[PDB]
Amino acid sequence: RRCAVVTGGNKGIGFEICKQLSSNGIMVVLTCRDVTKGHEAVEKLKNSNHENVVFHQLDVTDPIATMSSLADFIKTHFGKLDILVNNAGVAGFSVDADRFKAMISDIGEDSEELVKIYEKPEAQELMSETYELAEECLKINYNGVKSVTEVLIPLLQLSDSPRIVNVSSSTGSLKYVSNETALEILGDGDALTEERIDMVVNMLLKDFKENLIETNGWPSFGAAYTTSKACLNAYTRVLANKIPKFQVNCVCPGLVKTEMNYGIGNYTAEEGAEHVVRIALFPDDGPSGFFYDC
């Protein structure tokens, strides 16, 4: 049996990825940071007749040394890893829940309008981004992906067909990278390295902390998130180059109705996960280094 690790597996797209991989005969290690939430998710899938799922704790921001226990667990019970889905991620902003629920109620969750207004200024007024949230966003969406990937690479090396799928967003496209220095680094594909991508991340965090978002031409809203995904894409390309044995790709699942969006989206969680699972289960002869649907 092929086996998979999915990060952020307790809810949203991640939970549905675990369910669908399991449905396709994959042995799934559902990981997430909250132990109670993890056990409840696995119990829920079992009660749905998905038996090839097991829980293991994983907060992607923890030290890489702590992750050694996941690596050992997989080696001991499975002998290899075939699939890693880097799904865990956060938006980098909070919302006024009361007013957001009022806005959703008012419009009606349907009529493309709800999705339309979610992107209007009327909506941003209900959202708050802070340096604290930015720092966490980058640690989870970018650095966390690097740590989990580094720890599990030696197990993926043992697979005859290793795959890494990183869940990205189209807002991470270079078209939205406004800062000139960042655009220059991320757009110079031939010169991409992990170190240069780290520079972009550190540049953003430094400017954010020093209140230079507007001043240095960063996006006026959602700069942490969009930067984290643009850096995730670049890192995905670098990793693809470094490890030609692997399939390493990003997938942008479209706008999905999860708690990340307070239920707003074009696709259900099931549908979003389907988009990611189609790449995770590519034939053994598959491409690497690309950004699907981004």
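Numbers for residues come from their place in the sequence shown, where the first is 1.
As listed in the deposited structure, the average C-alpha B-factor of 46 to 54 and of 235 to 243 is greater for 46 to 54. Once the C-alpha B-factors are averaged per stretch, 5 to 13 and 266 to 274 rank with 266 to 274 first. Highest CA B-factor among the listed residues (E194, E109, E150, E135): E109. The PDB entry assigns the greatest CA B-factor among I117, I140, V167, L158 to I117. Remark: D59 belongs to the lowest third of its chain, ranked by C-alpha B-factor as recorded. Compared with the other modelled residues of the chain, the Cα B-factor recorded for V200 ranks in the middle third. Per the deposited record, the Cα B-factor of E122 falls in the highest third when ranked against the other modelled residues of its chain. Ranked within its chain, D96 lands in the middle third, by CA B factor from the PDB record. Among the modelled residues of its chain, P162 has a C-alpha B-factor that falls in the lowest third according to the deposited record.
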